[PDB]
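The lines below spell out each chain.
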Amino acid sequence: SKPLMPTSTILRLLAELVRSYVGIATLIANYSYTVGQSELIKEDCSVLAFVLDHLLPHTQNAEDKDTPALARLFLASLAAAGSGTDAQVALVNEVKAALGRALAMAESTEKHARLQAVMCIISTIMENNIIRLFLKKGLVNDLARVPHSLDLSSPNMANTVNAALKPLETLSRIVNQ
Amino acid sequence: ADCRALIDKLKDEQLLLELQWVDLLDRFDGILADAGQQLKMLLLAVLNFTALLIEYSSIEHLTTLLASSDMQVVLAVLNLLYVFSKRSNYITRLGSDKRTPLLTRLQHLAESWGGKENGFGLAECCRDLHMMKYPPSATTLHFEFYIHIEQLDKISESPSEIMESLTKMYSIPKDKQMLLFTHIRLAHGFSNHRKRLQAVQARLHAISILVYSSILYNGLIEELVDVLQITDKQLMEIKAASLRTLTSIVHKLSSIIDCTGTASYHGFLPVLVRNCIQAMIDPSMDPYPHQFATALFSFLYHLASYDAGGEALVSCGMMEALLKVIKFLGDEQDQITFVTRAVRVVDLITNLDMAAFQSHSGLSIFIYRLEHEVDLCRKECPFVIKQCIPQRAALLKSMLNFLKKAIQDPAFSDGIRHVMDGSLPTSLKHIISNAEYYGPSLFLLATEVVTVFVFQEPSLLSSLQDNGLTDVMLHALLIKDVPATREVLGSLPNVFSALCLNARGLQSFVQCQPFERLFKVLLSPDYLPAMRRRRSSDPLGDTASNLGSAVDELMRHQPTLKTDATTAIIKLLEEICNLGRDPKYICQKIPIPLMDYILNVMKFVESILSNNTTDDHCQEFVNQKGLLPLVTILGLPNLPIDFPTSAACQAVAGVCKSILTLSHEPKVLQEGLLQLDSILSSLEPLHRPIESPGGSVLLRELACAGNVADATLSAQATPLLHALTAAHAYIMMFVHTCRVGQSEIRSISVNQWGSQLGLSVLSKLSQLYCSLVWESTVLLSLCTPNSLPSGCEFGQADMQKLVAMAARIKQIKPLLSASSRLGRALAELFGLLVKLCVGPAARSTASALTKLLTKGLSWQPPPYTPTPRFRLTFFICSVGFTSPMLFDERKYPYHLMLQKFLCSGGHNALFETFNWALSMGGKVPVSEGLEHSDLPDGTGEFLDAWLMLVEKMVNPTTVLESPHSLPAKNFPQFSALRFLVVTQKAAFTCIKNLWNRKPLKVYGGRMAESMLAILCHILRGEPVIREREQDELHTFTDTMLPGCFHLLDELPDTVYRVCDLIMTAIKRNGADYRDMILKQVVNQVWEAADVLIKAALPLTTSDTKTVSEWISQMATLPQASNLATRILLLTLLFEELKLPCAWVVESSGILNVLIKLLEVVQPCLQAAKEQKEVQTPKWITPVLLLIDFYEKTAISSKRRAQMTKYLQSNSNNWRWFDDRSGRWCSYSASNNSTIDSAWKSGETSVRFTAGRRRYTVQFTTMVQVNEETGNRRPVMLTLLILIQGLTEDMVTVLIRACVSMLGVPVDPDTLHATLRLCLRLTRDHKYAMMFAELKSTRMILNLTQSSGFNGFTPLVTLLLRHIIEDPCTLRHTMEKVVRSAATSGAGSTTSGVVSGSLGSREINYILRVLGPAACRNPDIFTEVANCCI
């Protein structure tokens, strides 16, 4: 009774079609949902925004277990495929928007799971035009502002700060070496 | 013991616990589960005593008891949890159900108060300080998650009700009120001294528990050392808590040492230790509390166990004070315990310095204390050859461990000579002489101190003999009873290895008959607990094996003992024979543990004989006639029936095998055969039947045994059953000695079995085999619930004596098992003997074994049989027995055995058993038998076994190619060719007699499949054997198709064997016969399809239900059972005959009919999905697979045609690729011509030889493999019936049908076939667009896991790629692939070196790598490669 193509499989499929076919990444980047298209959709939002917010973050109740590893693969593929700046700019812009959204989010384990998972996707992407874009968009400065948008007493705060330090170390190194 | 007396006394209880297991611990767990929900003091006493019990179900209650206002119980719970974490990892292994709630309450107790830096140093926490010199935040609560309370005194009452009132006044986080409660009860405590000290002590316990299992900081050690310095002396419990914490912290050690000061004689810890010791010694100075002194000496132990601490204990010179302790301390139990602690510390310190100890005469001090303690035992137990208090025994034990270690240590090698001229031997003499007052491990330590000394200075063995210590050891280890334990038994031979060392010692040792006494251990129930396997994971008899290997080392040091050792071994065996022979003993699983004796003795003898592998012990043992007492142990009357399968019989077999394989001696087999012949001659009454309407002899010997409650336990009550189970044990020994790979042992085994005695035994074993098959099948016929017999008194007359059904069955079952297990062991024996015979006396062994095969196949029951099933069940196991004996695993025959099976008989009897089974003795002809209504019940099972045997017997590819061939040369020479002539001629008639009749209820598809395999082998074989009756196989191949299609209607799974039969009839006959077959199969499909096309016209008039009937009529009509095999057959035929069958499938037009049927079934399937009762027609997958392979075949023929258009048919140059030079080097002309001819024939691989190296080409991969090295190298062919294929109007309909079958999720295997077909079709983007315009990706996403298969996600990904790859995107991706392959020196499975620069870069190789891209689209691939290369 379970669906035979779980969202994990669909993500791996799209990661493969992105890695092979140039136009698919741009079509996925520009494609956006519409209000009341599904129970999980509240307003017009991008597929990348949905993958960053609802599928990428670890959440305690399963729908598919390994959706996040494969949304990470999907976003990695959509970055690595050079596709000039058509795909990469919308990926980076949406990652910055979802970071700022989760920082403005109210204090919750949903907030810390989103934040940690976005740090993990920035770190995997980071592992050069993507770095040029992260610099141009001020992503490093939005990572450094992360604790400004935390309650520094939270039991999650150290884990989300560790996560945000992980791309900061690599990025500061890659610049200043 | 006295523990049990204490339990009975308690079960005033609390007053007795104040004075001071399962149900007493359960009463304790009771009151634990009671108090947490004249009470508190009972809980406190229960805990204070349990903290002694653990030191030699409560947890969930104790955790709740941590929620106490009175810290006394928390402290006692902590002391118990410390005793736990100290001793065993019981709370470390626990699950997080309570390990975390526990450890968190402990953390909340333990967590810091601010230390010195905030005015909360532990020193200041223990002195009163007036309560005004502490930080004002001490009597203050500040609990946050917000609660703050300046002071608790104006509400000082009831801190528990304070916490509950705060529960009501604020919502305190749930399940975490403990950190609040501990802060609040602390702030009540800190006002006063006792509660502040109790909080300190609880915190120190909690620390220590958290370390035996964030809390620690730089000031903690300094605080603890300042607690130890506090000199009000009312703090000794806080000092002991601080020492036990420091102990936990050892497990920062340099800081502990820097603070405590252990690096110097003057220093707080060393001085404190010396004052403790002096106070313990001298009565005037009051003695430091027992607890504190124990914590000090435990800290010294744990500190010494680490190198930094042992070096510190060196530096402060504590050895002088500890030797002072061990010299001057008294005799009372506590002082003894401090002495043993000091000894264990002097051990840890001496593992890294000796000089201090030696300069302080520490060895003399140790020896004087051993003299004093032995002298204090001498009063209780003065006996010396001319219970000990546990603490003194532990002192002696630790001190003897020290002396043994010192003796094995240099820095005593100069001077240890003057140990054994001291008093030491006079006090060891007392320990050794009183192994029952002193424990056995202490008696062991004493004999091991002597052994290690005698091995360090064998010269002074003369002094130990002069003072008679060796003469006390001998008396205590031989004449006096040995203490029965593993370690003592394991050491006796090493001790004797010392005592023999002087030759005088050898004389004295051999004087007292040592082995008569030492080996009695193996026959004594007192030592069986010592022999039982430890940990349940070491081998059976591991301790007797150790003892035996040690006696082997002993008498290889001292060969003079060998003869007496083997005499005592043989006396053990003769006594086991005595204990097994007479009636008065009875083996327990008077009861006697005989089977354990036999396992232990045999592991002992095995170890001895097989230890050195020098065959000196085996020779001596065999020359003293020990093989008779050994081999008799198998035949012992009072051994149980289940003996032969036991590890004791496998042990005896292993000892026989060890003697055989070491000594190369026939005598083991000769004696086994003599005794087996003696036993077989006893049970000839088993061979003689009732000679009346009667059943089993075993059941007439049982039933006539009066009414004895257990006849089977008596050798007179059941003589034949006990001779059975003796013969079984001998047979399992002959099995074990045949399972031997030394060709010499094989030769002497065969020479023995070929003897006059060997063949007398083998004849009697053959008659026994047929008797046991009879008896077992009769017994099972009587244990069957009145079903097999025909309402007859066949064995009932004796069951009426035996006796409501089970009461008789459970008495027969020991007979049935004793006869069926023996038969299986005989069959194993004969199979092994055939193996040994094959690989002069072998020829007589094989003769007797083929006479067994003939006897079994021609055996006829007594004429009182009520039903033939007893013969059919005899025949089935005779056939299943003859199979292993004529043919190996991998089905190659033994030609010696086929020769003797033919000449002697058994082939004419094998085929006579078929005639008998069908005709029922001539009652019905064979041609009517199979189909006769009254055919016996087991005639299908017999024919399954017979056909499976004859399938092996007929196969030329094994019968001619068998490794086990006779050599080429007075004797009649065998021909496997004439064997196949006579066998195929005899088999064909029987198959005739089964060719067309309807199949049996069960065993009809195995019959059919083995019959078809026989026909295949015959049809392939006559072409090869006529090389070195043809019209009968011709007319058969003419008329066989009516039977083949009958088999396809009755037994679909045979279709693969029918395909193979048809292909062999085709390869016999011409294309004129291939066409006739294919057109007939196609006409069957045609009519079966057109009736289903007429079965699905839409139901306008409603005459039939039109819903359930129509939907399931498509799936269940007989025609729909035919198609599933007529199409599938046609498809298998197609796979072999690729192009003829394609041309027939084209020219018949059947493909249009199958497309029309696939179209017309979609309304039916859709309506079934709307009934929610879809049931997929199984015939759909054959049709989709046939279409798939039809268009696969046509593609390929066009590609091969245009490949031929570019080739010269003569000397097509094949070339092999040299990656190192990059050259396409040619083959020789003969090799090239061979490869070309075999490629043109369509063979998958071709063999050829170059330079005597063997090369093979694989045209699946186009690779030459060197057969010696496995090197795979690329090859190429040097370039210079047209199947139209599926038309657009068919493909359009197929795409629609595949989408509709995806809409209704028809079935997993049908989705796999339809998606495979879609994958082939959609490789043209026009049809991929059609497949994607029919909304198939939604259906595919909706598909549930009930409709999935292994390849689903790969295949779906390829399909989606086929939709995505339009001409332009495919072009750009092909550019990417071509560039990648040309730029990167890609590796391959052809040893094209990774990142190579010759081979990886040749156009002719790269085009081979890019072949998948050329197949994806050749036109686009040309355009791209022309533009990008």
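Counting starts from 1 on each chain and follows the sequence as written, independent of the entry's numbering; residues without coordinates are not shown. Each chain is given a letter, starting from A, and each ligand a number, starting from 1, according to the order in which they appear as written. The structure shown is incomplete relative to its larger assembly, and all values pertain to the part shown. Water and hydrogen atoms were dropped before computing side-chain values, which therefore reflect all heavy atoms in the structure.

Visitor: Teacher, can you tell me more about the overall build of chain A here?
Guide: Secondary structure elements follow DSSP: runs of H or I of four or more residues count as helices, runs of E of two or more count as strands, with numbering from the N terminus. For chain A, the count of helices and strands is nine helices and zero strands. If you list the helices and strands of chain A from N to C, you get α-α-α-α-α-α-α-α-α. Computation of the radius of gyration draws on C-alpha atoms alone. For the globule rule, the value is 2.2 Å times the number of residues to the power 0.38. A compact globule built from 177 residues would reach a C-alpha radius of gyration of about 16 Å, and chain A, at 16 Å, matches this within 12%. Along the longest, intermediate and shortest principal axes, the C-alpha atoms of chain A span 45 × 35 × 25 Å. Evaluated residue by residue, chain A yields a buried proportion of 47% over its 177 residues. Under this rule, positive means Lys or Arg and negative means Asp or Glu; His and the chain ends count for nothing. Here the site of a charge means atom NZ of a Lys, CZ of an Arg, CG of an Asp or CD of a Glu. Here chain A contributes 16 positive and 16 negative side-chain charges, whose respective centroids are spaced 6 Å apart. With a 1.4 Å probe rolled over the protein chains alone, any residue whose accessible area is under 20% of its type maximum counts as buried; one over 50% counts as exposed, and the rest are partly exposed.

Visitor: Would you take a moment to explain the overall build of chain B for this structure?
Guide: Across its full length, chain B carries 70 helices and 10 strands. Relative to the globule expectation of 35 Å for 1429 residues, the C-alpha radius of gyration of chain B, 46 Å, shows a markedly less compact shape. For chain B, the spread of C-alpha atoms along the three principal axes comes to 125 × 90 × 75 Å. Among the 1429 residues that make up chain B, the fraction classed as buried is 52%. Residue burial considers only the protein chains on display, and all accessible areas are found by Shrake-Rupley using a 1.4 Å probe. Accessible surface, chain B: about 65,100 Å² in total, of which carbon and sulfur atoms supply 51%. Between the centroid of the 136 positive side chains of chain B and the centroid of its 136 negative side chains there is a distance of 5 Å.

Visitor: When you look at helix α43 (residues 806-838) of chain B in this model, what are you seeing that I'm missing?
Guide: The α-helix advances 3.6 residues per turn, and as a result positions three or four apart in sequence lie on the same side. Here a helix's expected span is defined as the number of its residues, less one, multiplied by 1.5 Å. Taking 1.5 Å of rise per residue, 33 residues should cover 48 Å, and α43 of chain B covers 47 Å from first to last C-alpha, within 8% of that figure. The quantity called bend is, for any residue, the angle between two axes fitted respectively to the seven residues ending at it and the seven beginning at it. Where α43 of chain B bends most, at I812 of chain B, the angle is about 35°, and the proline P814 of chain B comes one to four residues later.

Visitor: What is the right way to read the sheet that holds strand β6 (residues 1223-1226) of chain B from this model?
Guide: Consider a sheet: its strands pair through backbone hydrogen bonds, and that pairing is either parallel or antiparallel. All names here are of chain B. Pairing in this open sheet of six strands is antiparallel, and the strands run β6-β5-β10-β9-β8-β7 from one edge to the other. Looking at the sheet topology across the chains shown, the edges are occupied by β6 and β7 (1245-1250). Put simply, the sheet's adjacent strands are angled 35° from each other on average, direction ignored. For two strands to pair, DSSP has to find at least two bridges joining them. The axes used here are C-alpha line fits, helices contributing only the stretch in contact, and every angle between their N-to-C directions lies in the interval 0 to 180 degrees.

Visitor: Sorry if this is basic, but what is going on with the side chain of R196 of chain B here?
Guide: All names here are of chain B. Residue position: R196 is located in helix α11 (residues 193-212). Here the side chain of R196 touches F190 through a polar contact of 3.2 Å, landing on its backbone oxygen. Whether two residues are in contact is decided by their heavy atoms, any of which lying within 4.5 Å being enough. In contact with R196, other than residues within four places in its own chain, are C125, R127, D128, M131, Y134, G189, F190 and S191. As used in this structure description, the phrase polar contact means that two N or O atoms lie within 3.5 Å; if the pair is within protein, one of them must be able to donate a hydrogen and the other to accept it, and residues adjacent in sequence are counted only when both atoms belong to side chains.

Visitor: Help me out: how do you make sense of the nonpolar core in this one?
Guide: Nonpolar side chains tend toward joint burial in soluble globular proteins. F604, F621 and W1179 of chain B are the most contacted members of the largest nonpolar core, which has 515 residues in total. Counting residues per element, this core draws most heavily on helix α41 (residues 756-783) of chain B, at 14 residues. Buried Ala, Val, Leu, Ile, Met, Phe, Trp, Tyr and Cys residues that are joined via side-chain atoms within 4.5 Å together make up what is termed a nonpolar core.

Visitor: I keep staring at the interface of chain A and chain B and nothing clicks. Help me out?
Guide: Accessible area lost during the coming together of the parts is what is often quoted as the interface size. Taken together, the contacts link 14 residues of chain A with 18 residues of chain B. Computed with a 1.4 Å rolling probe, the buried area is the accessible surface lost when two parts are put together, summed over both parts. Counting the surface lost from both chain A and chain B, the interface buries some 1,400 Å², and carbon and sulfur atoms represent 66% of this. The rule for a salt bridge is simple: a side-chain nitrogen of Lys or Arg has to be within 4 Å of a carboxyl oxygen of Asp or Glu. Across the chain A-chain B interface, the total number found is one salt bridge. A salt bridge links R1361 of chain B to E16 of chain A; the shortest N-O distance between them is 2.7 Å. The tally of links between chain A and chain B comes to seven residue pairs in polar contact. The element contributing the most residues to the side of chain A that touches chain B is helix α1 (residues 7-20) of chain A, with six residues. Here the residues of the side of chain A that touches chain B are counted per class, giving nine nonpolar, three polar and two charged. In the scheme used here, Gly and all other residues not listed as nonpolar or charged are polar, with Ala, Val, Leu, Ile, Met, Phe, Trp, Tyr, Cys and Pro taken as nonpolar and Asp, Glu, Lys and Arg as charged.

Visitor: Would you take a moment to explain the pairing of strand β5 (residues 1214-1218) of chain B for this structure?
Guide: Along any regular strand the residues' side chains alternate between the sheet's two faces. All names here are of chain B. With respect to burial, β5 is a largely interior element, four of its five residues being buried. With three bridges joining them, β5 and strand β10 (residues 1272-1277) adopt antiparallel strand pairing. From the neighbouring strand, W1216 faces β10, where its bridge partner is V1275. In this sheet, β6 lies alongside β5 in antiparallel orientation, the contact comprising four bridges. By the bridge assignment, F1217 is partnered in β6 with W1224. Hairpin connection between β5 and β6: a loop of four residues separates the two successive antiparallel strands, and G1222 in this loop has a positive phi of roughly 80°.

Visitor: Would you mind going over the side chain of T140 of chain B with me for this structure?
Guide: Residue and element names in this part refer to chain B. Looking at where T140 falls in the secondary structure, it is placed in the loop between α8 (122-126) and β1 (141-143). By relative accessible area, which is 17% here, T140 ends up buried. Among the polar contacts made by the side chain of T140, one reaches the main-chain carbonyl oxygen of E150 at a distance of 2.5 Å.

Visitor: Teacher, can you tell me more about the state of the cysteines here?
Guide: Each disulfide is one covalent bond, formed between the sulfur atoms of two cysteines. All names here are of chain B. By definition, disulfides here are pairs of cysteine sulfur atoms that lie within 2.5 Å. In the structure shown here, the tally under the stated rule is zero disulfides over all chains. Not part of a disulfide, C125 finds its nearest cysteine sulfur in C126, a span of 6.6 Å. We classify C125 as buried; its relative accessible area is 0%. Not engaged in a disulfide, the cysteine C1368 finds its nearest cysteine sulfur in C1427; these two sulfurs lie 14 Å apart.

Visitor: What is the right way to read a nonpolar patch on the surface from this model?
Guide: Taken together, the side chains of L902, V981 and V982 of chain B make up a nonpolar region of the molecular surface, amounting to roughly 200 Å² of accessible area. Within the secondary structure layout, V981 of chain B lies in helix α51 (residues 976-995). Patches were defined on residues exceeding 30% relative accessible area and lacking a salt bridge, with like-charge contacts within 9 Å and nonpolar side-chain contacts (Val, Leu, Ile, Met, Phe, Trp, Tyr) within 5 Å.

Visitor: How should I be thinking about the packing of helix α7 (residues 99-110) of chain B against α11 of chain B in this particular structure?
Guide: A packed helix pair is summarised by two numbers, namely the angle formed by the two axes and the spacing between the axes. Residues and elements named next belong to chain B. Look at α7 against α11: their axes get within 8 Å of each other, and the N-to-C directions meet at 130°. Of the possible angle classes, the one that applies to α7 and α11 is oblique. α11 is crossed by α7, and the crossing has left-handed handedness. Facing α7, whose interface residues are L103, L106, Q107, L109 and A110, α11 presents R203, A206, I207, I209 and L210. Looking at the contact of α7 with α11, its residues break down into eight nonpolar, one polar and one charged. Note on terminology: angles under 35 degrees are roughly parallel, angles over 145 are roughly antiparallel, angles of 65 to 115 are roughly perpendicular, and the others are oblique. Two helices cross in a left-handed way if the nearer one is turned anticlockwise from the farther one by less than a right angle. They cross in a right-handed way if the turn is clockwise.

Visitor: Is there a simple way to think about the packing of aromatic side chains in this case?
Guide: What characterises a pair of aromatic rings is the spacing of the ring centres plus the angle enclosed by the ring planes. All names here are of chain B. Here is the rule: rings of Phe, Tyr and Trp (six-membered ring for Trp) pair when centre to centre is within 6.5 Å. Planes less than 30 degrees apart are stacked, more than 60 are edge-to-face, and the remainder are tilted. In this structure the tally under the stated criterion is 42 aromatic pairs over all chains. Taken together through their ring pairs, the aromatic side chains of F496, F509, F515, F519 and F604 make up a single cluster. In this scheme, the term charge over a ring applies when either NZ of a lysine or CZ of an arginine sits within 6 Å of the ring centre and within 35 degrees of the ring normal. Above the plane of the ring of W113 lies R203, whose end atom (NZ or CZ) is 5.4 Å from the centre. Residue placement shows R244 over the ring face of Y82; its charged tip is 5.6 Å from the ring centre.

Visitor: Sorry, what's going on with the environment of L724 of chain B here?
Guide: Residues and elements named next belong to chain B. Tracing the chain through its elements places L724 in helix α39 (residues 719-738). For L724, a relative accessible area of 1% translates into the label buried. Once the C-alpha coordinates of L724 and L683 are considered, the two residues, 41 residues apart in sequence, prove to be 8.2 Å apart. Setting aside its immediate chain neighbours within four residues, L724 contacts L683, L686, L698, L768, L772, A818 and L822.

Visitor: Before we go on, may I ask you to explain helix α1 (residues 2-10) of chain B in this structure?
Guide: All names here are of chain B. For α1, every residue scored as buried is listed here: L6, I7 and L10. Taken down its axis, α1 places every buried residue within 100° of arc, on the same side. Exposed side of α1, more than 90 degrees from the buried face: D2, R4, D8 and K9 are the residues found there. Against α2 (13-19), α3 (22-35) and α4 (40-53) lie the buried residues of α1. In this description, the arc belongs to the directions extending from the helix axis to the C-beta atoms.

Visitor: What should I look at first to understand the pattern of salt bridges in this one?
Guide: Note that side chains of opposite charge can pair when their charged atoms are close. Summed over all chains, the structure comprises 40 salt bridges over all chains. For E436 of chain B, the salt bridge identified is with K480 of chain B, shortest N-O distance 3.4 Å. Of the two residues, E436 of chain B sits in the loop between α23 (424-432) and α24 (440-456) while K480 of chain B sits in the loop between α26 (469-479) and α27 (486-499), which places them 44 residues apart along the sequence. One salt bridge in this structure joins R1416 of chain B and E1365 of chain B, with 2.7 Å as the shortest N-O distance. Placement of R1416 of chain B in helix α69 (residues 1411-1416) and of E1365 of chain B in the loop between α66 (1352-1364) and α67 (1367-1383) is noted, with a sequence separation of 51 residues between them. Look at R1416 of chain B and you get buried, because its relative accessible area is 14%. For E1365 of chain B, a relative accessible area of 8% corresponds to the buried category. Via salt bridges that share partners, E16 of chain A together with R1361, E1365 and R1416 of chain B belong to a single interconnected network.

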